[PDB]
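One-letter residues, chain by chain:
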Amino acid sequence: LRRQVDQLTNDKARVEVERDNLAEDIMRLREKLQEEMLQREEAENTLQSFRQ
Amino acid sequence: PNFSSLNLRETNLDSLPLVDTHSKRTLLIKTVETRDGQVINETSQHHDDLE
């Protein structure tokens with residue numbers, strides 16, 4: 001049980017970094033993706049003015 | 001014979017302003033705003049100038 005918790009603690013710390021890899025690329029993506037939704041709302045409003 | 005009143009006209013010598021050479025200068029400023037390499041806007045400013 002203690003080998004399984006020394007393991008679950010080293011796992012908790014490793015796997016928090018292995019999620020911090022994914023969630024830091026999703027966090028960079030999310031901030032850039034708020035910037036992209038402004039770029040694509042610029043595309044909607046610009047190209048919809050050009051549709052008018 | 002006071003002719004030259006006709007003058008079979010003078011529907012005229014027609015140096016008229018019906019010109020586009022006078023060129024149609026298509027200044028197409030294709031402003032490709034990319035973020036990171038993805039296109040976010042293409043502000044294709046067609047200045048459609050008739051010189």
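The numbering scheme counts residues from 1 along every chain following its written sequence, independent of the entry's numbering, with residues that lack coordinates not shown. Written order determines the labels here, with chains lettered from A and ligands numbered from 1. Any value quoted here refers to the chains shown, not to the larger assembly they are part of. Hydrogens and water are ignored here; the side-chain numbers use all heavy atoms of the structure. Residues with missing side-chain atoms are left out of burial classes, side-chain pairs and their counts.

This entry, as listed in the PDB, derives from cryo-EM and reports a resolution of 7.2 Å.

> I'd like a description of unusual backbone geometry, backed by residues and values.
Residue and element names in this part refer to chain B. Across the junction of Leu6 and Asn7, the peptide omega takes the value -5°, indicating a cis bond. Turning to its location among the elements, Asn7 is positioned in the segment before β1 (24–35). Here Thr21 and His22 are connected by a cis peptide whose omega angle stands at 20°. Secondary structure elements are defined from DSSP: runs of H or I of at least 4 residues count as helices, runs of E of at least 2 residues count as strands, and each element is numbered from the N terminus. With respect to the helices and strands, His22 occurs in the segment before β1. Here the phi dihedral of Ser4 falls at roughly 75°; this positive angle occurs in a residue that is not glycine. Mapped onto the fold, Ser4 is located in the segment before β1. The backbone of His22 sits at a positive phi, close to 40°, despite the residue not being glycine.

> Provide a residue-level description of the pairing of β1(B), including the pertinent values.
All names here are of chain B. Pairing analysis gives 12 bridges linking β1 to strand β2 (residues 38–50), with the strands arranged antiparallel. The partner of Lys24 across the bridge, within β2, is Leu50. As consecutive antiparallel partners, β1 and β2 are separated by two residues, and within that stretch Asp36 has a phi angle of approximately 60°, a positive value. Here, any two strands with at least 2 DSSP bridges between them count as paired.

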